[PDB]
Amino acid sequence: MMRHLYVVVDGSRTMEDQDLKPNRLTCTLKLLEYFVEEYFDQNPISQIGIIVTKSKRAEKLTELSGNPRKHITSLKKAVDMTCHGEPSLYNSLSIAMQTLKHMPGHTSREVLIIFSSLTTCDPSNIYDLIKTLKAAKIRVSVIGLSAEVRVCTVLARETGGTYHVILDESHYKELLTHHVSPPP
Amino acid sequence: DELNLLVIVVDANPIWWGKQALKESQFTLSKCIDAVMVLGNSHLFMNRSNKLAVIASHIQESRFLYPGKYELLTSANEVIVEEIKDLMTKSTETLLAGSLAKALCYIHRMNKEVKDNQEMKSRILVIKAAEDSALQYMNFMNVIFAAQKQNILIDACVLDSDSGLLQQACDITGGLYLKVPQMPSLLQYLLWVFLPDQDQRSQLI
Amino acid sequence: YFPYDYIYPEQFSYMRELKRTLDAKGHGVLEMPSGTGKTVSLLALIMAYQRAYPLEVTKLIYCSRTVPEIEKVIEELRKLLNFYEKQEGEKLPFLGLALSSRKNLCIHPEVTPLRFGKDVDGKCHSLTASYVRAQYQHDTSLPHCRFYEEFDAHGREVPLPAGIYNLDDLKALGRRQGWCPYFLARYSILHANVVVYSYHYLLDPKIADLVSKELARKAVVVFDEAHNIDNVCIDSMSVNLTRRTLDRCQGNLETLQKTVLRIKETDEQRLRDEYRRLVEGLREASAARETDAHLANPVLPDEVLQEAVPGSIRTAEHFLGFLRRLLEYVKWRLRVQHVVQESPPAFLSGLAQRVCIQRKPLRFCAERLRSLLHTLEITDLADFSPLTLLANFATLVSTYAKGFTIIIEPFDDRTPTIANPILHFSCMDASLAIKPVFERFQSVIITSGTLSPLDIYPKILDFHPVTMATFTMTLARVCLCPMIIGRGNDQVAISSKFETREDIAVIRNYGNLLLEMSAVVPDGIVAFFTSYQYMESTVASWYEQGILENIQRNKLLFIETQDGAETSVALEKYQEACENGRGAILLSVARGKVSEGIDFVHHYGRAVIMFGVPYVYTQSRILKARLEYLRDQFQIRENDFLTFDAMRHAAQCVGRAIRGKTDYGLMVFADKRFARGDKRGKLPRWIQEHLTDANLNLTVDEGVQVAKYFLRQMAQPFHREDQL
Ligand code: SF4
């Protein structure tokens with residue numbers, strides 16, 4: 001059951017706000033460093049990639065691959081990110097659509113959205129991507145952070161993934177640990 | 001002050017000793033048990049703070065044997081003779097599979113129990129006399145992976161003829177593979193293993 | 001008995017409550033914990049009483065207060081119909097009549113798309129029973145109101161229509177086979193089970209709209225969301241009059257003079273013959289829809305008398321009595337509108353000293369006005385309506401004013417100079433409009449999501465056997481969080497106790513709260529304000545000063561405006577902006593109509609802020625006449641009823657937030673004055689179960705941390721609840 005995960009991290013100014021380690025990207029980044037390491041500890045047959053949502057954009061940061069050191073070095077460099085601009089889910093799902101339309105669909109394609117639950121600022125109606133990716137069968141599971149956004153709920157309910165929000169950093173580990181195991 | 005463990009596995013195949021009962025050099029069962037005795041006695045001869053444990057994997061079970069230097073080794077000797085007699089009175093891949101499962105869980109227990117600075121190295125050795133069959137591919141594999149994920153070196157020695165899974169154990173984990181024709185020569189080279197390949201695998205050989 | 005799943009439980013409560021209201025034939029006051037689908041339980045147990053008969057005569061007229069909620073009631077009982085129509089197997093017929101008169105009327109394209117209701121229905125009735133009743137058969141004159149004649153045909157016949165219909169069900173049937181809402185409403189009033197319509201339709205003594213035949217043996221009526229009973233009765237019987245309106249009336253009188261002069265015999269000989277027929281026998285000359293298009297009864301339990309036409313011999317002299325009435329009345333108006341007065345019998349008795357005839361033509365001016373145009377049957381209703389207003393006023397002033405008042409107020413009501421003069425004639429007895437509704441029926445049920453102080457039932461004065469505060473536990477751990485926001489830190493004046501808008505540091509703390517509120521809270525926020533003009537002040541200090549853009553850094557403002565168009569635009573934007581990526585807070589006014597009907601459900605607008613106190617502004621003299629007549633009831637009331645109506649506005653606004661148990665409810669009172677005022681008016685179950693453990697003087701930032709904890713712990717879980 002081979003997976004092709006693009007972890008979508010957020011870079012809004014919700015990463016200036018605390019209730020975690022000194023900036024939320026620090027906790028999220030550190031536990032993504034754990035996530036990469038455990039995701040190759042469990043899933044060598046799969047492949048990951050970092051997409052960082054930034055300044056109403058999304059930016060592909062590491063390709064869909066099976067070489068962990070590049071991922072972790074990308075994390076090390078994304079440590080000191082200023083996190084300019086409110087995010088955008090639309091660009092992240094567009095990037096995932098582009099790069100993942102070409103993969104063979106006998107395998108599960110989830111996409112992990114680590115979204116900071118800030119206002120979903122998009123130039124185009126994401127409801128239409130929620131229409132398309134249903135038929136495409138690319139799955140999407142989303143972990144918000146400190147709030148429940150309605151649109152992520154509709155996203156995670158039509159796509160068929162899982163949504164969750166987090167208080168304890170121990171609980172953040174609980175949920176990343178849940179997403180480690182391969183969903184059917 | 002490396003709180004160092006050593007764990008050993010011995011086959012208990014009566015078919016294999018029936019093979020080794022018509023031979024010309026004719027090392028006995030008790031010869032190999034004395035070999036392992038000397039292995040353990042040598043590693044505890046190294047320092048007080050070193051501990052150790054040995055199994056003999058029974059056809060039906062696996063019972064472990066573990067222990068003023070001389071008296072420590074003598075208690076070990078008596079324990080070893082007693083459960084070796086128990087194995088010879090109470091009697092293929094199942095034996096040693098379930099034994100290495102016991103082994104890892106006993107490493108878990110010995111690690112969880114007595115740690116003070118939580119400092120440790122849980123090195124394990126394996127001696128398999130006969131072949132190990134692929135009727136349980138998943139179990140053996142799983143155990144090797146659990147051994148790697150516990151940061152444990154697995155060394156190994158084969159006596160009669162080669163098996164796949166032991167070679168693959170050696171490969172995946174990071175401990176050496178061994179097979180020597182002449183058998184007391186292999187006993188003293190196990191002694192060379194327990195000394196160098198256990199302590200200072202570094203600049204040795 | 002319709003559970004369809006396992007309940008809150010509420011049917012465990014309202015089953016026993018309704019069995020108590022139906023054993024003892026009595027009135028009753030219910031209270032809804034707002035997460036209840038009160039509609040489901042009420043409609044269900046009422047239908048359970050419909051299909052049984054411990055009493056053989058069994059009715060329901062059920063109301064609501066907004067035209068969408070009518071449709072909401074409909075669909076939910078369509079669901080109710082469906083379920084144990086399937087379960088009970090063999091189907092027995094049904095009817096629920098949404099009786100919408102005004103804007104849900106006409107299928108003719110010439111008539112329909114003119115915007116208002118009343119005037120265009122005047123064009124409709126002028127065509128039907130004024131042009132095609134006078135010119136009773138013509139090609140060009142009698143226009144194609146063809147399905148009124150189809151009503152003639154099937155009103156001679158007997159069909160049986162199917163079940164409860166929508167509003168648009170009857171327009172689609174208009175197209176196919178059920179044509180007029182009015183006339184198929186008549187034929188279906190002839191036999192119906194449940195009739196649902198608007199609350200203003202049933203209690204309106206400007207034009208007393210007799211709904212059903214007043215068959216006083218057995219009759220069951222339920223008032224839904226029934227909070228503003230007093231203000232409905234008052235505004236349904238008060239009458240306002242403007243001097244501009246009076247000058248349109250004077251132009252209209254000169255127009256009627258022209259029409260009287262240009263008619264020499266024919267309609268007037270018709271009047272003479274029919275008036276001889278009326279002297280010979282007291283008869284209803286228009287049995288059909290004209291009396292429904294007339295001002296029916298400005299005084300309902302007062303008689304349609306015997307001494308009809310007391311002071312008139314012919315038309316133009318009674319017209320001269322109206323001319324005297326208007327000229328003397330504008331004389332009255334100028335000489336009194338010098339300085340505002342308050343008097344019930346002084347104006348009527350002094351006019352009885354000025355105008356010749358006293359108390360009989362005052363008692364018949366409405367009917368004689370309507371009948372003397374009915375014999376003419378030429379004047380357009382749009383051109384005529386302010387004279388209808390006048391005769392309706394004089395009829396009221398005639399037969400009623402002892403509990404009523406007259407108040408005449410020709411000056412500023414937040415305005416420029418004396419160029420808008422106007423009077424008001426209101427009750428203050430809420431009894432004199434609800435007493436009909438009690439005395440007619442077997443039992444009515446006042447339902448409320450809000451009515452916590454049951455000690456201010458006696459503004460209605462009546463008698464009431466079933467009166468309990470509904471208790472319903474919430475194992476969906478905490479459905480609410482009231483969180484009252486009085487600054488410890490920045491030294492709260494969040495109450496507007498200086499004046500309405502005499503200071504603005506008040507408003508700057510409000511904007512601090514709003515920005516941090518929009519920082520935390522998702523999905524749009526429903527921001528209730530104090531008044532239009534205070535919201536104008538707030539928004540002025542916001543969009544002028546340092547605030548607003550950081551809110552506009554986050555989300556979008558939907559600022560209400562005093563039309564229905566801007567209500568529509570901001571509402572459409574609110575739902576379409578919260579069902580997408582964006583928050584976009586609404587900010588409205590508490591007494592503005594956005595509260596009634598909209599139902600901010602959990603998908604959008606899930607954290608309702610009250611800002612300020614929803615008190616009606618405390619110095620106005622209508623309110624002083626009100627509180628003096630209720631100081632004629634209890635003498636403590638001078639601040640007590642103010643706090644009462646402030647609380648019913650408050651909870652009516654705030655307690656829309658929740659539709660179910662499994663639902664997310666914040667409600668935060670950015671106020672100071674809410675200590676004992678919300679240990680009065682918030683629901684007592686809600687103060688006991690969910691409210692103000694230690695939360696009274698919450699600094700905003702403490703409020704934000706309480707909000708974070710609440711949102712995070714409502715967003716963490718869900719499986720298990722009160723499986724009852
Ligand atoms: S009666 Fe029915 S059709 Fe004729 S005017 Fe009124 S609505 Fe239009």
# chains A, B, ... in the order shown; residues from 1 in each chain; ligands from 1

$ residues_near_ligand --ligand "ligand 1" --cutoff "6 Å" --atoms "only C-alpha atoms and all ligand atoms" --output "list in words"
residues 105, 106, 107, 108, 124, 145, 148 and 180 of chain C

$ write_last_selection --atoms "N, CA, C and O atoms" --output "CSV table (one decimal), in the first residue's frame"
chain,number,residue,atom,x,y,z
C,105,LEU,N,-48.7,36.2,-4.4
C,105,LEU,CA,-50.0,36.4,-4.8
C,105,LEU,C,-50.3,36.0,-6.3
C,105,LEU,O,-51.1,35.2,-6.5
C,106,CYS,N,-49.7,36.8,-7.2
C,106,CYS,CA,-50.2,36.9,-8.5
C,106,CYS,C,-49.3,36.4,-9.5
C,106,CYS,O,-48.1,36.6,-9.5
C,107,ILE,N,-50.0,35.7,-10.5
C,107,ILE,CA,-49.3,34.9,-11.5
C,107,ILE,C,-49.4,35.7,-12.8
C,107,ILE,O,-49.0,35.3,-13.9
C,108,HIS,N,-50.1,36.9,-12.8
C,108,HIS,CA,-50.2,37.7,-14.1
C,108,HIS,C,-48.9,38.5,-14.2
C,108,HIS,O,-48.5,39.2,-13.2
C,124,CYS,N,-54.7,44.5,-8.1
C,124,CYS,CA,-55.3,43.2,-8.2
C,124,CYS,C,-56.8,43.3,-7.8
C,124,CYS,O,-57.7,42.9,-8.6
C,145,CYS,N,-58.6,37.8,-15.2
C,145,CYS,CA,-58.4,37.2,-13.9
C,145,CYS,C,-59.1,35.8,-13.9
C,145,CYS,O,-60.0,35.6,-13.2
C,148,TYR,N,-59.6,33.2,-10.9
C,148,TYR,CA,-60.7,33.5,-10.0
C,148,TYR,C,-62.0,32.9,-10.5
C,148,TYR,O,-62.8,32.4,-9.7
C,180,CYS,N,-55.2,30.4,-7.0
C,180,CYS,CA,-54.9,31.6,-6.1
C,180,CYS,C,-54.6,31.2,-4.7
C,180,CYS,O,-55.2,30.3,-4.2

$ residues_around --residues "residue 536 in chain C" --least-positions-apart "6" --cutoff "10 Å" --atoms "only C-alpha atoms" --output "list in words"
residues 542, 559 and 561 of chain C

$ interface_residues --of "chain A" --to "chain C" --cutoff "7 Å" --atoms "only C-alpha atoms" --output "list in words"
residues 119, 120, 121, 146, 147, 148, 149, 150, 151, 164, 165, 166 and 167 of chain A

$ write_last_selection --atoms "C-alpha atoms" --output "PDB file, in the first residue's frame"
ATOM      1  CA  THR A 119      -8.036  32.543   6.799  1.00  0.00           C
ATOM      2  CA  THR A 120      -7.950  30.471   3.564  1.00  0.00           C
ATOM      3  CA  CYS A 121      -6.906  33.263   1.188  1.00  0.00           C
ATOM      4  CA  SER A 146      -5.787  25.842  17.242  1.00  0.00           C
ATOM      5  CA  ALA A 147      -9.078  26.231  15.327  1.00  0.00           C
ATOM      6  CA  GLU A 148     -11.601  24.517  13.201  1.00  0.00           C
ATOM      7  CA  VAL A 149     -11.987  26.064   9.750  1.00  0.00           C
ATOM      8  CA  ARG A 150     -15.222  24.922   7.968  1.00  0.00           C
ATOM      9  CA  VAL A 151     -13.591  24.579   4.560  1.00  0.00           C
ATOM     10  CA  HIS A 164      -7.663  17.302  13.590  1.00  0.00           C
ATOM     11  CA  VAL A 165      -6.691  20.193  15.736  1.00  0.00           C
ATOM     12  CA  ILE A 166      -4.181  20.210  18.452  1.00  0.00           C
ATOM     13  CA  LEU A 167      -3.561  21.572  22.022  1.00  0.00           C
TER      14      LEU A 167
END

$ residues_around --residues "residue 185 in chain B" --least-positions-apart "4" --cutoff "12 Å" --atoms "only C-alpha atoms" --output "MDAnalysis selection string"
chainID B and resid 25 27 32 35 159 179:181 189:192

$ write_last_selection --atoms "N, CA, C and O atoms" --output "mmCIF file, in the first residue's frame"
data_model
loop_
_atom_site.group_PDB
_atom_site.id
_atom_site.type_symbol
_atom_site.label_atom_id
_atom_site.label_comp_id
_atom_site.auth_asym_id
_atom_site.auth_seq_id
_atom_site.Cartn_x
_atom_site.Cartn_y
_atom_site.Cartn_z
ATOM 1 N N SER B 25 36.859 -36.480 14.368
ATOM 2 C CA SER B 25 37.388 -35.570 15.421
ATOM 3 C C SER B 25 36.525 -35.683 16.681
ATOM 4 O O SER B 25 37.049 -35.818 17.787
ATOM 5 N N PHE B 27 34.040 -33.800 18.487
ATOM 6 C CA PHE B 27 33.756 -32.865 19.562
ATOM 7 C C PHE B 27 32.330 -33.217 20.031
ATOM 8 O O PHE B 27 31.455 -33.564 19.236
ATOM 9 N N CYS B 32 30.927 -28.223 22.967
ATOM 10 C CA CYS B 32 30.397 -26.936 22.532
ATOM 11 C C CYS B 32 29.775 -26.155 23.691
ATOM 12 O O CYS B 32 29.845 -24.928 23.734
ATOM 13 N N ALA B 35 32.533 -24.682 25.349
ATOM 14 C CA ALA B 35 32.977 -23.560 24.560
ATOM 15 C C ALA B 35 32.225 -22.293 24.888
ATOM 16 O O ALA B 35 32.801 -21.211 25.095
ATOM 17 N N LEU B 159 28.091 -23.583 11.852
ATOM 18 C CA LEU B 159 28.987 -24.707 12.025
ATOM 19 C C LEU B 159 29.011 -25.638 10.803
ATOM 20 O O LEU B 159 30.087 -25.864 10.225
ATOM 21 N N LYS B 179 32.015 -18.928 9.616
ATOM 22 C CA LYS B 179 31.908 -20.370 9.417
ATOM 23 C C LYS B 179 33.278 -20.981 9.278
ATOM 24 O O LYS B 179 33.962 -20.697 8.274
ATOM 25 N N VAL B 180 33.720 -21.804 10.205
ATOM 26 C CA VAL B 180 35.073 -22.394 10.136
ATOM 27 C C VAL B 180 34.868 -23.891 10.066
ATOM 28 O O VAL B 180 33.997 -24.403 10.776
ATOM 29 N N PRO B 181 35.635 -24.589 9.184
ATOM 30 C CA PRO B 181 35.562 -26.057 9.094
ATOM 31 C C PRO B 181 35.868 -26.808 10.394
ATOM 32 O O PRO B 181 35.055 -27.596 10.917
ATOM 33 N N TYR B 189 38.266 -19.497 17.809
ATOM 34 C CA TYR B 189 38.001 -18.283 17.047
ATOM 35 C C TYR B 189 36.750 -17.540 17.516
ATOM 36 O O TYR B 189 36.655 -16.326 17.351
ATOM 37 N N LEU B 190 35.792 -18.268 18.082
ATOM 38 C CA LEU B 190 34.700 -17.635 18.845
ATOM 39 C C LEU B 190 35.262 -16.893 20.000
ATOM 40 O O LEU B 190 34.701 -15.876 20.394
ATOM 41 N N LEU B 191 36.312 -17.429 20.617
ATOM 42 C CA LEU B 191 37.015 -16.710 21.691
ATOM 43 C C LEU B 191 37.649 -15.404 21.153
ATOM 44 O O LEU B 191 37.573 -14.345 21.782
ATOM 45 N N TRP B 192 38.233 -15.500 19.971
ATOM 46 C CA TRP B 192 38.719 -14.304 19.305
ATOM 47 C C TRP B 192 37.575 -13.294 18.972
ATOM 48 O O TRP B 192 37.796 -12.084 19.002
#

$ closest_residue --among "B:120, B:5, B:176, B:146" --to "chain A" --atoms "only C-alpha atoms"
B:146

$ residues_around --residues "residue 148 in chain B" --least-positions-apart "4" --cutoff "9 Å" --atoms "only C-alpha atoms" --output "JSON, numbers by chain"
{"B": [143, 144, 152, 153, 154, 172, 173, 174]}

$ write_last_selection --atoms "C-alpha atoms" --output "PDB file, in the first residue's frame"
ATOM      1  CA  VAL B 143      13.074  -9.879  14.490  1.00  0.00           C
ATOM      2  CA  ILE B 144      16.114  -8.649  12.565  1.00  0.00           C
ATOM      3  CA  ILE B 152      21.882  -4.032  18.805  1.00  0.00           C
ATOM      4  CA  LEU B 153      24.809  -5.704  17.011  1.00  0.00           C
ATOM      5  CA  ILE B 154      24.075  -9.279  15.927  1.00  0.00           C
ATOM      6  CA  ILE B 172      21.164  -6.034   7.813  1.00  0.00           C
ATOM      7  CA  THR B 173      22.228  -5.611  11.381  1.00  0.00           C
ATOM      8  CA  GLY B 174      25.963  -4.935  11.090  1.00  0.00           C
TER       9      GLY B 174
END

$ atom_distance --atom1 "CA of residue 75 in chain C" --atom2 "CA of residue 8 in chain C"
21.5 Å

$ decode --residues "range 80-91 of chain A" --atoms "N, CA and C atoms" --output "PDB file, in the first residue's frame"
ATOM      1  N   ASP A  80      14.644  28.829   9.684  1.00  0.00           N
ATOM      2  CA  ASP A  80      14.740  30.261   9.904  1.00  0.00           C
ATOM      3  C   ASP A  80      13.822  31.116   9.024  1.00  0.00           C
ATOM      4  N   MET A  81      12.742  30.499   8.524  1.00  0.00           N
ATOM      5  CA  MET A  81      11.780  31.160   7.657  1.00  0.00           C
ATOM      6  C   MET A  81      10.995  32.286   8.350  1.00  0.00           C
ATOM      7  N   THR A  82      10.963  33.448   7.714  1.00  0.00           N
ATOM      8  CA  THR A  82      10.290  34.629   8.253  1.00  0.00           C
ATOM      9  C   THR A  82       8.760  34.478   8.243  1.00  0.00           C
ATOM     10  N   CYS A  83       8.260  33.648   7.324  1.00  0.00           N
ATOM     11  CA  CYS A  83       6.815  33.328   7.184  1.00  0.00           C
ATOM     12  C   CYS A  83       6.035  34.564   6.820  1.00  0.00           C
ATOM     13  N   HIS A  84       6.360  35.115   5.647  1.00  0.00           N
ATOM     14  CA  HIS A  84       5.686  36.310   5.147  1.00  0.00           C
ATOM     15  C   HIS A  84       4.366  35.925   4.509  1.00  0.00           C
ATOM     16  N   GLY A  85       3.299  36.627   4.881  1.00  0.00           N
ATOM     17  CA  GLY A  85       2.046  36.588   4.133  1.00  0.00           C
ATOM     18  C   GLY A  85       1.110  35.525   4.645  1.00  0.00           C
ATOM     19  N   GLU A  86      -0.202  35.812   4.591  1.00  0.00           N
ATOM     20  CA  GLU A  86      -1.288  34.840   4.853  1.00  0.00           C
ATOM     21  C   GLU A  86      -1.245  33.714   3.802  1.00  0.00           C
ATOM     22  N   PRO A  87      -1.624  32.501   4.166  1.00  0.00           N
ATOM     23  CA  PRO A  87      -1.443  31.351   3.294  1.00  0.00           C
ATOM     24  C   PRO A  87      -2.475  31.228   2.144  1.00  0.00           C
ATOM     25  N   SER A  88      -2.504  30.031   1.539  1.00  0.00           N
ATOM     26  CA  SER A  88      -3.373  29.714   0.429  1.00  0.00           C
ATOM     27  C   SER A  88      -3.344  28.213   0.256  1.00  0.00           C
ATOM     28  N   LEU A  89      -4.444  27.559   0.508  1.00  0.00           N
ATOM     29  CA  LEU A  89      -4.681  26.136   0.230  1.00  0.00           C
ATOM     30  C   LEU A  89      -4.791  25.781  -1.258  1.00  0.00           C
ATOM     31  N   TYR A  90      -5.215  26.767  -2.068  1.00  0.00           N
ATOM     32  CA  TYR A  90      -5.493  26.573  -3.486  1.00  0.00           C
ATOM     33  C   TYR A  90      -4.232  26.235  -4.247  1.00  0.00           C
ATOM     34  N   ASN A  91      -3.164  26.967  -3.961  1.00  0.00           N
ATOM     35  CA  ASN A  91      -1.905  26.758  -4.631  1.00  0.00           C
ATOM     36  C   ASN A  91      -1.297  25.432  -4.227  1.00  0.00           C
TER      37      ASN A  91
END
